[PDB]
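Participant: need a 3D model of the sequence below.
(one chain, ligands or ions: 1)
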Amino acid sequence: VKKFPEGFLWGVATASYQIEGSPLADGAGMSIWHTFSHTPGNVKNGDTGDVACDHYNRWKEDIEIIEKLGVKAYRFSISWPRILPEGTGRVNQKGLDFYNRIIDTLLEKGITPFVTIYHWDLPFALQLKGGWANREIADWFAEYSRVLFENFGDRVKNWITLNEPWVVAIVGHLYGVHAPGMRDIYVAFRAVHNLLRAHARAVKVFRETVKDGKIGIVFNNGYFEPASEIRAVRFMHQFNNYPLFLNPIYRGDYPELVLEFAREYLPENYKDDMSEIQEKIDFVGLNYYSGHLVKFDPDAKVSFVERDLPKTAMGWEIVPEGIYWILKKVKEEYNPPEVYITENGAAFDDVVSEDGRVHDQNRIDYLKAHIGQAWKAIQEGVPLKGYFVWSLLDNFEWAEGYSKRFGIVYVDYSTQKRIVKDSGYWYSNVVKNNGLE
Ligand SMILES: CO[C@H](O)c1c[n+]2c([nH]1)[C@H](O)[C@@H](O)[C@H](O)[C@H]2CO
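Facilitator: Numbering: from 1, shown residues only. The coordinates are given below.
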């Protein structure tokens, strides 16, 4: 058997725009994902977050699912424009009420809330002012965060400033594939920098406002391997994984190969902000899904090489030892006091059999394998305090729309019926047992 430490936090994870629907209900401001998805060509099948999982109405049912599964922590995000419709200034009490009900319900049922402050749904009003491109976002984000701390910090004690700032900056402002849908390398790296400054200002406000909680930040990570017998792998790690942000946070500068590729794109006096950026954090959240074979390619001088390996419906290579690797490497490089796996999961072509069940043995195999590799890292001293399945529900998968299903619970979108998948039942047993058998 593989048993986890006593008090280890088994969770599931969602994000506001992906599950809620009703983006304009009860006085909410538009977000950049509302305007991005309502722009033709941006999202597969013209899908939007207008309805999604209707979690905005069905929130109590979904929490009852969490409870019934015996899952101990719930990671969810707050929609900034439900709280502050113009991004700053006015506070919307109905936005606060919505999350207050979710928070109290969780606590009442003994589920630990993990709140992601920003999971990509920036108020549109602030995008008009430059969004992440604008240095003033450090103030806007701090003011938003202060509101959340004041209203919920009595109850929520576990906070995440940002989900995947690399994706926010690069995918949103260089690749143009995510909101706000831009393609400018100089903008993209000013967003990287400003995300760091906004994060640190929010951590600083947290210390003034919530004297009894913990705060961290979440990063996407891939397991990169070299196609042969390696610097391209070093680059991909420093650029795509946690070092892009953790080197500034812990060592007060960007990683070396990031500076080689991108120095010219960063502000000229960016080191002036580095000492504020080193605001002390309580934990690092690492998201992990996939491995990649990498080679130098002259024609960022890196290309991916396809491998004949099992893949998910995203076409992502299933590489479980990656989660062990990234856990080891974070300890070795930055030694944060706590680590959580804040997302791990897989998309498969889920079908409801005529027995009424969803026989996702592919997902069970995926999760089991990665949970085992996370166990290993704990045995070798990684201070891993928790693990979160992405996702509780099938949901709006950004530019893929509804076509990719990551849930341990199946959502039939024509009825909004929730059907717990085999993987959900399987995970419930793991949580009950506090590990694998
Ligand atoms: C780029 O990092 C990860 O591949 C990643 C995967 N995922 C994520 N990040 C995001 O945090 C979620 O909002 C996605 O729904 C989820 C599934 O795609």
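
Participant: count of neighbours near residue 173?
Facilitator: 26 (other Cβ atoms under 10 Å). From N, CA and C alone the C-beta is placed, and that goes for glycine too.

Participant: how about the residue in the stretch 101-250 of the chain positioned nearest to the ligand, secondary structure?
Facilitator: In the stretch 101-250 of the chain, no residue comes nearer to the ligand than residue 220, which is 3.3 Å away by Cβ to the nearest ligand atom. Here residue 220 is recorded as strand under DSSP: H, G, I helix; E, B strand; the rest coil.

Participant: give the buried residues for stretch 279-291.
Facilitator: Within stretch 279-291, the residues scored as buried using 16 or more other Cβ atoms under 10 Å are 279, 281, 282, 283, 284, 285, 286, 287, 288, 289, 290, 291.

Participant: among these, which are within reach of the ligand?
Facilitator: 287, 289 (Cβ under 6 Å from any ligand atom).

Participant: which one among the buried residues of stretch 279-291 gets closest to residue 233?
Facilitator: residue 291 (11.3 Å; Cβ to Cβ).

Participant: does that closest one touch residue 225 like I think?
Facilitator: Yes. Using Cβ atoms under 8 Å, residue 291 is in contact with residue 225, at 6.6 Å.

Participant: and residue 308, how far from the ligand?
Facilitator: Remark: distance between residue 308 and the ligand (Cβ to the nearest ligand atom, to the nearest Å) = 21 Å.

Participant: what's near enough to touch that residue?
Facilitator: Residues near residue 308 by Cβ atoms under 8 Å, 6 or more residues apart in numbering: none.

Participant: that one: helix or strand, and which one exactly?
Facilitator: Counting by DSSP states H and E, there is no helix or strand that carries residue 308.

Participant: mind telling me the two of the buried residues of stretch 279-291 farthest from one another?
Facilitator: Going by Cβ to Cβ, the pair spanning these furthest: 279 and 291, at 32.2 Å.

Participant: just the ones in strands from the buried residues of stretch 279-291, please.
Facilitator: Those of the buried residues of stretch 279-291 mapping onto strands are 283, 284, 285, 286, 287, 288, 289, 290, 291, per DSSP state E.

Participant: helices along the stretch 301-437 of the chain, start to end?
Facilitator: Taking DSSP state H, counting those that start in this stretch as the criterion, the stretch 301-437 of the chain contains helices spanning 321-334, 361-379, 422-433.

Participant: output the ones you listed as JSON lines; include the columns distance to the ligand and mean neighbour count.
Facilitator: Listed next are these as JSON lines, based on distance: least, Cβ to the nearest ligand atom, whole Å; neighbours: other Cβ atoms under 10 Å:
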{"stretch": "helix 321-334", "distance to the ligand": "11", "mean neighbour count": "19"}
{"stretch": "helix 361-379", "distance to the ligand": "13", "mean neighbour count": "19"}
{"stretch": "helix 422-433", "distance to the ligand": "15", "mean neighbour count": "19"}
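
Participant: nearest to residue 81, of these?
Facilitator: helix 422-433 (30.9 Å).

Participant: next, the angle helix 361-379 makes with that closest one.
Facilitator: For helix 422-433 against helix 361-379, the angle by axes from the mean of the first three to the mean of the last three Cα atoms, to 10 degrees is 30 degrees.

Participant: how about residues contacting helix 422-433?
Facilitator: 1, 3, 10, 69-72, 357-361, 363-364, 367-368, 371, 389, 407-409, 436.

Participant: contacting residues around the most centrally placed residue in the chain?
Facilitator: The residue lying closest to the centre of the chain (Cα atoms, centre = their mean) is residue 163, at 4.1 Å. Contacts for residue 163 (Cβ under 8 Å, 6+ apart) come out as 15, 77, 116, 118, 119, 120, 218, 287, 342.
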